[PDB]
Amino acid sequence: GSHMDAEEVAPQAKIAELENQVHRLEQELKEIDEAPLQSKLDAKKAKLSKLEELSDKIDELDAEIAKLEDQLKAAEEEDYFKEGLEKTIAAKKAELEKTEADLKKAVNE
């Protein structure tokens, strides 16, 4: 068979495979009720939750940055409000840059 590891190791892919694993686990945990898998499940679920909250924040920030840049791109009108926007765009961007690193790291845990 064949694969490219960089594609499989990007956070988008690791999250998606994790939520599949959770799905398969509670499915094979149904097939049984008709216990140590429950502890394995609980962990993957907890781990998945942390990875979701970060991705949602990355989603959140991208939108915030997008609206701000547009607010700013309307630049004819005061200047301190403008700088106020410039500052905020930068701040969010530094935050975005930390949250994505927070994710790349969490995605091996």
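We number the residues from 1 along the sequence you see.
Where residue 34 is followed by residue 35 in the displayed chain, the model omits 10 or more of the deposited residues that sit between the two. Per the record, residue 77 and residue 78 are separated by 4 to 9 deposited residues that have no coordinates. For the pair 80-88 and 67-75, the mean B factor over Cα atoms is greater in 67-75. As listed in the deposited structure, the average C-alpha B-factor of 89-97 and of 21-29 is greater for 21-29.
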